[PDB]
């Protein structure tokens, strides 16, 4: 008989994370010949990121996807991935290998288990970049005294302050108005979300700072997973792994298209010099020692090992 598995997530139609979960649904159906069906509830149809991951943890929902910074609200260990410049785009393929098949992946499995969850896909969300409405930013010093919108992430706030910026936490929904009306000067996010949300209408400058990395973590209730037949577990695990291959590639392509939409809209996108990138790394590194006591050294080391 048919197994119906509900999957909740916060992302909008056509979004890189959404299309990965569509691939997941398609592969689960193919592999199970229709016996297992993923029912998608995107765009917060079942709740916010937090509401749906609590339901998955508790066992009233089978699967949910949460951003890595939002997972820090269930377990602080996930904060390792938010540290400034802990990873960079140049080493992304080795990061994926470590998560997919390596000791990093296994430790993350254990951490999820301790809060009632089984990881199924580590969806790529991307690297955040600083953008501004009116003030040109081409250098590290250009960032000093910028009023910048932040999320509620303590690491995001610390990074802004380390760079001499003035951080203001503002909900996503209030951020367009804050930029338009001038209560902040800028923000930091992926080019794809900024363009998709039409913030580009009010922006004029961007730098490829890549000062924050994140993922969207698709989790299954672990007790539920452990209740399934071996062959169904295998279907889910394999569909996840294969959908992720596609999702990581689609993310790259959508980010290129987002960056082109920026240029088309007259936004000046500065490619930081090695000298200027180095200053952002150096200025932000004290943030790691500030949060040292809250993130396990072993986990920092496993992530750094992917970068060299």
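Residue numbers count along the first chain shown, from 1.
- When the two stretches 60-68 and 259-267 are set side by side, the higher mean Cα temperature factor goes to 259-267.
- Across the two stretches, 132-140 and 210-218, the PDB entry reports the greater mean Cα temperature factor for 132-140.
- Residue set 236, 158, 178, 79: peak C-alpha B-factor at 79 (per PDB entry).
- Residue 283: CA B factor lies in the middle third for its chain, per the PDB record.
- Among the modelled residues of its chain, residue 191 has a C-alpha B-factor that falls in the middle third, as given in the PDB entry.
- When the modelled residues of the chain are ordered by their C-alpha B factor, residue 150 lands in the lowest third.
- When the modelled residues of the chain are ordered by their C-alpha B factor, residue 252 lands in the highest third.
- Compared with the other modelled residues of the chain, the Cα B-factor recorded for residue 168 ranks in the highest third.
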